[PDB]
Amino acid sequence: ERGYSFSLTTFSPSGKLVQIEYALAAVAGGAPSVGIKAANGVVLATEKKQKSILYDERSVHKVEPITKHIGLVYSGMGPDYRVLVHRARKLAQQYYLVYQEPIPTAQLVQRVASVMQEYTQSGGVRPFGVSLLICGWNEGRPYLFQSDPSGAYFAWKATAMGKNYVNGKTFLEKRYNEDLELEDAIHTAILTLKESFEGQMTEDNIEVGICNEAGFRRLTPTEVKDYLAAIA
Amino acid sequence: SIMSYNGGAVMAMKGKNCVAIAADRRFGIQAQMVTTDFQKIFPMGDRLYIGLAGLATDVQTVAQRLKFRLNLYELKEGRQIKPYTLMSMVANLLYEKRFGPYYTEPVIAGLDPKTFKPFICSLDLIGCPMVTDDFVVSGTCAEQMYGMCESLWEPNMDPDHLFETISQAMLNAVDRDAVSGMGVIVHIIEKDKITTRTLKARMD
Amino acid sequence: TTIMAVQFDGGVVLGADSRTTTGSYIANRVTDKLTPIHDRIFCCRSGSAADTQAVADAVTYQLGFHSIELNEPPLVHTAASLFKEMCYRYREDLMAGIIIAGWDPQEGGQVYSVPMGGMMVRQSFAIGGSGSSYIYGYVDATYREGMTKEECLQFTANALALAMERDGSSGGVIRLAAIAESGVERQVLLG
Amino acid sequence: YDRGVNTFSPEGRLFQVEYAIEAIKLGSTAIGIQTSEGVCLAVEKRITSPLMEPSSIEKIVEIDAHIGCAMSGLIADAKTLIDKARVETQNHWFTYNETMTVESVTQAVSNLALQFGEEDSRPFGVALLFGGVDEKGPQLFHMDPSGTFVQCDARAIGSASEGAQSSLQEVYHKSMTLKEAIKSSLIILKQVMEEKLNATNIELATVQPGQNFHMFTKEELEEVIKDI
Amino acid sequence: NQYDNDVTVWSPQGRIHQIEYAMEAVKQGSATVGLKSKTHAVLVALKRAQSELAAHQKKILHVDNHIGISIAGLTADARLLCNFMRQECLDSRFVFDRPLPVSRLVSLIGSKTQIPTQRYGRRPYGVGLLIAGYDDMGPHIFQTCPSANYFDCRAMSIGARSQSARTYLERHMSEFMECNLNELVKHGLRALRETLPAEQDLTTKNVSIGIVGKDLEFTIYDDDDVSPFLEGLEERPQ
Amino acid sequence: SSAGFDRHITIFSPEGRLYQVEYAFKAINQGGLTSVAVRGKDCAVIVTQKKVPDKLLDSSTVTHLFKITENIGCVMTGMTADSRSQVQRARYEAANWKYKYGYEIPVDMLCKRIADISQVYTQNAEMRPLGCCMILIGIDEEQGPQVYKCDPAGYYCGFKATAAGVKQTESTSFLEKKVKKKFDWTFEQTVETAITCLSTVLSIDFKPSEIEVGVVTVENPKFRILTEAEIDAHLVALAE
Amino acid sequence: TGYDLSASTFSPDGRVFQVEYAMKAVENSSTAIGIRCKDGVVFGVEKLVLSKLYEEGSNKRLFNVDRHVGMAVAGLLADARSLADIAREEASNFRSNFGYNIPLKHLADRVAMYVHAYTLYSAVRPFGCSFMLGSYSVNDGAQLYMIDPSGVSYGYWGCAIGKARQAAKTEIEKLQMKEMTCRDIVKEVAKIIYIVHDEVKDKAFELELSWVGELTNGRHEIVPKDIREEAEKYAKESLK
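Protein chains in written order, with the entry's author numbering: chain h, 3 to 234; chain p, 2 to 205; chain n, 1 to 191; chain k, 8 to 127, 134 to 241; chain l, 4 to 241; chain g, 5 to 244; chain m, 5 to 244.
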């Protein structure tokens, strides 16, 4: 090729970066999600509705493991998610090849956010349109982080990304507390996902993964049908 | 050989709640000494030391390369390093020079940063880790050091008798060696403090 | 190691010993010395074990990819050309004794010989391996033009057993294979 | 649109090369005349300040001991051309034990000017006059940023070069002498510049067959001014 | 007008204008005429002065002992193709120990000039090469163009006002195969004198004639040896 | 809105949209074609028409059914030139699985790797994002047959009844009314609904020689293109 | 239209005009036809003389790719010369890697993917050429192919490329080409050229006929119809 090598992002006269603020609009128009850090675990939940009655549910997953104690969800556009997932898989093994020890969840977000930094500054590529929620129970205490397409990150107690996130932000503030159990945390994680769901919620409309200290675990639809079985 | 160009002897020994490490002091070319203050034990954080023996070039080289990677590790993470983690770090550094290898054999001794649990291990010149429960030795006079430690070691030892056992093991074995000697320094660490003593050895 | 290949009117007949040795110690006692590439094309390998296994995987990768594009069964002469392009190129690095045989719809049975050098030649019958030097006088005084299939299975069974008589790199068990238009018949002979 | 970096006109030349010719017009004037006795040469310094040191402005340089030079236009680009012009005449002596001819110097110089762009950037803004005595006697040549290379017998380039070349074609003939052609050139100089012609405005450069030394007159030039 | 910027951009009429503009650079240069007999191929060019006392710019330049070319167009693209031309001629001498066939050397030029007429980053070569040569099957007269097409021909004239030279060649091309060099050369330079304004004459200082023959190496005559060729001529009917 | 160069290259517009990829979604629609895939049983059926406008034009060199491996076949919609270059990657990287990993590639794993190549053309600029569409079939052991579908955007999914080409919105509406009473799909119930959907969306009731049928079944897992005689056997079998 | 500059950009309705612009540049070239009988392929090119100084056989459009493969190009002649050298180079590597002659079905795929690559990037433009590929073998018979500037490549029985693409194939299809011999084809090709505008509003022309099949034993060469001149003797009798 030619080797053009020029970035598509410069400063405004006001001082803002224009294309990064446009990419957050595609994040806010994605599928909704919610993540709650409990006293003994981290609960992730999402909204998985098909556009037809034809689409199989055992093909594409939303809750996705990274290591056996680290999972990762998203709210944004579909195909850009699988890039950084496969990037985070190869990145997490390189820590294990050097140190012979599974990566802590703080150290993983130090490097995944640097990958999302690199597509904002380099030449001719566009920034991501996917924000994340990264979880895990390493060294006793569990963790729950959130990374944006700008390249920064945070540390939440309970948050919600996707559509109608300003309604779920007030609802989690009025419902969460200092501590719960993990089994109580899933109950307030569907009730904040029932706020913005459609008229029917089944075992195949939602999809829930958890983080015990025993490791990472995503739930089969047998438990999720039994969990929404008249317990709200 | 190349290992027999400068000499050296590094011994570590596990106690009850404590761990000890000792080395010699002689620096020299094949038959001619130079000085008696050559450092072979380097602190890598509190309550965790490392000992090096072999070619005197790679002793000073690897101890600076490992210090280069340790400080970058202890700033990305606020915690200190675990003794299992350092053993995986050194084995990575030696294996990168698979066919251009450094001529040294490291010995790592230290306590757990959270609990009081001691840890000893030794590696080969290409990075084979080997953990034990009683003692590890490295250097030119290795066979003399196995003869002393197999007969004098006891399982559960206070820091008094652990110092006296590693003292008699180092003095009687290095005096049998020709290219090692000229003083023995002993580090004995524990949960509360770190004690460093030098011994009265033969200066011939 | 002794390998054998004889063509006839219908197709070809292959055969080999097993006895993978090292020094004077047998490491592998029974061994598939003949390897499928396509449904109609086999090869029997000789020389270094790790060299010939690496080449036979690459040729199966290249020829197997090549026939799907053409939507046609491949030629036996096409497969023998691919071993030539690797053995001649990577000479002074490999020790391979590949003999390629198999049935083809355009031409029938074919037998090719690729020795340690890297040349390629079509033959009526072909021998190879370390123990092949001992039956060179028997194989040309016994061969006769215009054999049937059952004569060639009788021919290679007596021919291998003389090289497999005692010779230290040979013996073990006889693995035979017959390739024709119908199918591939493989059998193991002992006693 | 109107013809950016590398794009043909609907009629003719590249305008980047055409605008490179116009950059010579804001240079300093210079006259070179070929005579069968030798090659004389002149230039105007255009010194602005008295604190500005006079002998730091060079226009005549020494490519080799039998090859002189003259420049106009951009000084910043001319130092690149003089550099390899000294190098590749020296490479010729290294591999042939002989002096490179005056014509085949600028063959190598005109190769490098026709190399602007991204191939392995901008065209140059400097014209040159080369004097020298090769085996075919004395020679005089001229090049432009377009690489168009040609032999001249008497040439003036720089600012006001158009009015210089009109009167210069009248005073020239084939049977000149070197002592005649030097004072014939500086009469043209004081008729095209505006300052009073003294020993600090101009400088000369002569090369001879038997006098391959002394390509630069210095305060013997004061004698030539008072004679006219 | 927005399609008239790059070589890559096609037009809604299907004509790339940048190739169409490099033809116009050929018409800036002076005229030159090449032709051939059964045995001899002669190309004649026309010099142009820069000033009243500078040397005239040369047109015909030697390439090989059996190949010589003329020029019309940019001098930057002239010597850039010449250095590619001379390198290919001596490689066949170094490898094959034979001279090149003329017809296959020009096919290397059309492959050479095709890349800068398709890829962005380099303009097409503004050049008007006429080629005369000798392979084993006699003389040849070739022309090229900046559209990377090469035309075999028996007579050709390109450059400024060269249409009037083409009209002279078409009504005398039947006579060219038989006549020898004493008139074949001055069959050619009678065609140049219609590409002149009607008041001046083709002198000895502004013309070059290059002859390559079946038994004759390619030789360039200029300014001294043109006088045995300009003798025995009539004037223009004025 | 048209901000910066959002209408020309692959950058974000306001409201998070991007137009150079959703222009490629109707880059399929200039084919004048419609393809239907149906999974009902231990089998899987592709059906797609051919359009022959010329008697000088051949018959065997028209087929859109493409054999990737012996167990995996596919059909291509959209423009023809981008379609055949997409299959050259699918034939290539199905063989790299066999070389690197030593066994046959799953149909689920292959549709990931094809969509990941269409990712970078959306991610990187000055690279044209391949306006064509691919539908896969194959047999997975202990999983039954599968039908996958790839997008130019890099999005994939697996689902039971598939439409593509021009007339998705009329055919997928027909199949939801079809697949709501999950009746016994018995390898001729699958083929009949594969015909009667396309024979009513296009509304042609056509001659035996304008379609192709690709099939795979768990009794003979090889990919298999039907013959004009046996295509006519299923066509007269639904004449009631 | 403005949204038609690069070849890597889409229109708002979903097509690339830079490919569309290069197709009708082939339209302005003179007509070149191709036809195959039951045991061979016969080419034919209407080629016009530029003024007079053409030397009777220069700059031909009947190339020779392989021992049994040649081309029948039309369009930009210089762009076809560079494209012909790709097919010469592609058939040489198949010989050096596999040891036998290139099949025409595989050769047209390798060329059309190479033409496809110049329709994707903004640095390069699509080609302005269309051409024919004819070959003959004893295990494959005779084939005849067709490649547009976009890269679509499949087989015909007869074709035409130039101005009169439609006006030639009207009277190609009224021939019983399935059973004729390719010696009777040669006298029938020449009348197809001379019917549709040989020198009516143009100045002059010259007919070229290439030739491959069973009578040449697989060789590809020009006709010996300088011998006995029978093409023009039989076609000029069709004046009434």
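Beta carbons are placed, not taken as given, at the ideal position from N, Cα and C, and that holds for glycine.
Proximity winner among the options, relative to residue i (alpha-carbon distances)
i: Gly124 of chain k; options: k:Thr14, k:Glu110, k:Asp9 and k:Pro61; result: k:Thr14
i: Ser64 of chain g; options: m:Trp161, m:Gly103, m:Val53 and m:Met136; result: m:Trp161
i: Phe178 of chain g; options: g:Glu192, g:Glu146 and g:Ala198; result: g:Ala198
i: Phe218 of chain h; options: h:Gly31, h:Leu46, h:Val36 and h:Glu23; result: h:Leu46
i: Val185 of chain p; options: p:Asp193, p:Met204 and p:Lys194; result: p:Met204
i: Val151 of chain g; options: h:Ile136, h:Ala232 and h:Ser61; result: h:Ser61
i: residue 131 of chain k; options: l:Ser167, l:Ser54, l:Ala58 and l:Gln31; result: Missing here is residue 131 of chain k; chain k as given proceeds from 127 to 134 without the residues in between.
i: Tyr121 of chain h; options: h:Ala160, h:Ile212, h:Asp150 and h:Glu209; result: h:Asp150
i: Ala151 of chain l; options: m:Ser100, m:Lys191 and m:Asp83; result: m:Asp83
i: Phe199 of chain h; options: h:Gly142, h:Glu183, h:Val44 and h:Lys50; result: h:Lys50
i: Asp62 of chain g; options: m:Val193, m:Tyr149, m:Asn97 and m:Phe98; result: m:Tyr149
i: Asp82 of chain h; options: h:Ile55, h:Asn214 and h:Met118; result: h:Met118
Alpha helix (DSSP H) segment containing residue i, residue limits
i: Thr78 of chain n; result: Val76 to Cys87
i: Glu93 of chain m; result: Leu81 to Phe102
i: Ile76 of chain g; result: It is not in any alpha helix (DSSP H) - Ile76 of chain g instead sits in the beta strand (DSSP E) that spans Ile76 to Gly82.
i: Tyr171 of chain l; result: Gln166 to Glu173
Simplified DSSP state of residue i, which is helix, strand or coil
i: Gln5 of chain l; result: coil
i: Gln53 of chain l; result: coil
i: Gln202 of chain h; result: coil
i: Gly37 of chain l; result: strand
i: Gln110 of chain n; result: strand
i: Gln123 of chain h; result: helix
Residue-level contact to chain m via CB, residue i, 7 Å cutoff
i: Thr60 of chain n; result: no
i: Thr78 of chain n; result: yes
Opening and closing residue of the beta strand (DSSP E) in which residue i lies
i: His65 of chain l; result: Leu64 to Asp67
i: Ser139 of chain p; result: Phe136 to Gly140
i: residue 236 of chain h; result: In the structure as shown, chain h starts at 3 and stops at 234, and residue 236 of chain h therefore has no counterpart that could be examined.
i: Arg198 of chain p; result: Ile195 to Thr199
Interface flag, residue i vs chain l, CB-CB below 7 Å
i: residue 256 of chain m; result: No statement about residue 256 of chain m is possible, as the shown extent of chain m runs from 5 to 244 and does not include it.
i: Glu44 of chain k; result: no
i: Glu18 of chain k; result: yes
Chain g contact for residue i (CB, 7 Å cutoff)
i: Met117 of chain m; result: yes
i: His201 of chain m; result: no
i: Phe83 of chain n; result: no
Any chain n beta carbon closer than 7 Å to residue i
i: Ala99 of chain g; result: yes
i: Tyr103 of chain g; result: yes
i: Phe131 of chain m; result: no
7 Å Cβ cutoff, residue i in contact with chain k
i: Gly162 of chain l; result: no
Min CB distance residue i to chain h below 7 Å
i: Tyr159 of chain g; result: yes
i: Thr86 of chain p; result: yes
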